[PDB]
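Since the structure comes first, as structure tokens, the remarks are kept for the end.
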Amino acid sequence: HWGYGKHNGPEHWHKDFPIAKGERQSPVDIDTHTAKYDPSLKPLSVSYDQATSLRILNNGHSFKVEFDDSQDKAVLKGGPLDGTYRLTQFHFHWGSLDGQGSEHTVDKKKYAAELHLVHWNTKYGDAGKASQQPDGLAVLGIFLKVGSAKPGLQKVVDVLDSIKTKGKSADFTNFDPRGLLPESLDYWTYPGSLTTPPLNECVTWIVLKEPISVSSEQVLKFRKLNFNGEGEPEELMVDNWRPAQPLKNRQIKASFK
Ligand SMILES: NS(=O)(=O)c1c(F)c(F)c(S(=O)(=O)CCO)c(NC2CCCCCCC2)c1F
Ligand SMILES: [Zn+2]
């Protein structure tokens with residue numbers, strides 16, 4: 001029943017999910033001047049060569065591309081992480097206009113959108129179980145700015161007209177998420193939470209410093225999606241971002257100087 005609107009959006013979520021007011025909620029503003037360079041952090045290992053995309057779905061909040069995560073096929077390790085995290089899905093958050101849409105901010109700057117690649121720690125066996133653990137998930141966050149097109153995104157944007165309204169899905173195989181990554185894997189990292197209900201405090205966030213560029217046409221297709229189900233009043237799926245939450249005692253670490 002939650003969403004992003006005036007009566008059911010982020011300021012209301014604490015009533016159903018009191019963890020919304022917890023000590024490690026996400027997203028956050030990344031103050032780049034107070035982030036601590038940690039020379040002991042590892043390079044992030046992203047191993048997406050054998051990834052198997054399966055389907056794309058409009059769930060009424062975002063859209064999400066789900067992967068075969070029953071094998072060790074698309075894994076994140078290294079960086080701040082201990083052990084192996086398997087990719088289960090990615091999704092995006094975006095704005096009604098180019099000056100907003102990201103969840104994280106950088107020195108208060110909002111990006112047009114943010115891509116989240118969600119991974120779960122294999123020591124917990126399954127994504128639901130992992131979501132109940134303090135080190136259960138690792139989410140790789142990538143900012144999107146509007147400028148030149150990202151050719152690797154086009155396969156995603158071109159099927160969005162088939163999943164316009166809540167509950168629609170389609171097969172979506174052979175999508176390579178490597179085509180969504182920027183050149184650099186320099187990153188900030190901090191302990192946080194899911195940014196949607198149930199808001200569990202189970203995420204190690206890894207947010208890349210380098211944005212990708214996407215074109216105005218690509219992001220316009222995101223904005224044609226609908227929050228509503230077919231046959232309810234039309235509400236365009238825009239501004240599906242949670243604003244920055246208090247950092248509380250946490251340190252953000254940088255992998256770079
Ligand atoms: N931003 S985020 O990465 O914290 C996020 C979402 F915004 C999001 F919408 C989803 S969702 O569509 O699946 C809706 C429920 O929050 C997940 N998904 C993860 C969290 C759900 C629990 C199971 C663990 C892996 C999926 C999710 F991780
Ligand atoms: Zn997200």
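Residue numbering restarts at 1 in every chain; chains get A, B, ... in the order shown in the structure tokens, and ligands count up from 1 in that same order.
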As a quick test: using only C-alpha atoms and all ligand atoms, which residues lie no more than 6 Å away from ligand 1? Give them as a VMD selection string.
chain A and resid 116 118 127 to 128 131 139 194 to 198
All strand (DSSP E) positions in range 19-225 of chain A, as a count of residues only
72
Within 10 Å of ligand 2 (only C-alpha atoms and all ligand atoms), residues as a ChimeraX atom specification:
/A:26-27,62,64,90-93,102-104,114-118,139-141,194-196,240-242
Would you mind exporting C-alpha atoms of the selected residues as a CSV table (one decimal), in the first residue's frame?
chain,number,residue,atom,x,y,z
A,26,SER,CA,19.6,4.5,3.2
A,27,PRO,CA,20.1,6.4,1.0
A,62,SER,CA,10.0,0.4,-10.3
A,64,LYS,CA,13.2,-4.9,-12.4
A,90,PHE,CA,18.6,-4.7,-11.0
A,91,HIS,CA,16.2,-1.8,-11.0
A,92,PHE,CA,16.3,2.0,-11.2
A,93,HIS,CA,15.0,5.1,-9.4
A,102,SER,CA,18.8,9.6,-7.6
A,103,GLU,CA,18.5,8.3,-4.0
A,104,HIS,CA,22.1,8.8,-3.0
A,114,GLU,CA,20.2,5.7,-10.1
A,115,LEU,CA,20.8,2.0,-11.0
A,116,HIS,CA,20.8,-0.6,-8.3
A,117,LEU,CA,22.4,-4.0,-8.9
A,118,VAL,CA,21.2,-6.2,-5.9
A,139,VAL,CA,23.9,-3.2,-3.6
A,140,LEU,CA,26.1,-1.7,-6.3
A,141,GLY,CA,24.7,1.8,-7.1
A,194,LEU,CA,16.9,-1.3,1.6
A,195,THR,CA,15.5,2.0,0.3
A,196,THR,CA,12.0,0.6,-0.1
A,240,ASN,CA,10.3,6.8,-7.2
A,241,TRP,CA,13.2,7.8,-5.0
A,242,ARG,CA,13.6,7.9,-1.3
Do you know which residues are at most 10 Å from residue 49 in chain A counting only C-alpha atoms, after dropping those on the same chain fewer than 6 positions away, and could you put them as a PDB file with N, CA and C atoms, in the first residue's frame?
ATOM      1  N   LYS A  73      26.880 -17.476 -11.070  1.00  0.00           N
ATOM      2  CA  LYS A  73      27.074 -16.918 -12.441  1.00  0.00           C
ATOM      3  C   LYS A  73      27.409 -15.408 -12.698  1.00  0.00           C
ATOM      4  N   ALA A  74      27.169 -14.550 -11.750  1.00  0.00           N
ATOM      5  CA  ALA A  74      27.162 -13.024 -11.809  1.00  0.00           C
ATOM      6  C   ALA A  74      27.400 -12.641 -10.374  1.00  0.00           C
ATOM      7  N   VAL A  75      28.666 -12.517  -9.976  1.00  0.00           N
ATOM      8  CA  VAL A  75      28.984 -12.371  -8.573  1.00  0.00           C
ATOM      9  C   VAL A  75      29.832 -11.120  -8.308  1.00  0.00           C
ATOM     10  N   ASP A 176      23.131  -8.251 -21.028  1.00  0.00           N
ATOM     11  CA  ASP A 176      24.440  -8.203 -20.359  1.00  0.00           C
ATOM     12  C   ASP A 176      24.577  -7.009 -19.473  1.00  0.00           C
ATOM     13  N   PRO A 177      24.528  -7.158 -18.156  1.00  0.00           N
ATOM     14  CA  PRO A 177      24.620  -5.969 -17.291  1.00  0.00           C
ATOM     15  C   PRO A 177      25.993  -5.318 -17.321  1.00  0.00           C
ATOM     16  N   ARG A 178      27.007  -5.921 -17.900  1.00  0.00           N
ATOM     17  CA  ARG A 178      28.285  -5.243 -18.074  1.00  0.00           C
ATOM     18  C   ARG A 178      28.146  -3.971 -18.912  1.00  0.00           C
TER      19      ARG A 178
END
Residues within 9 Å of residue 105 in chain A, only C-alpha atoms, excluding chain neighbours under 6 positions, as a PyMOL selection string
chain A and resi 27-31+111+243-244
Closest of A:65, A:160, A:207, A:225 to residue 239 in chain A - atom-to-atom distances counting only C-alpha atoms:
A:225
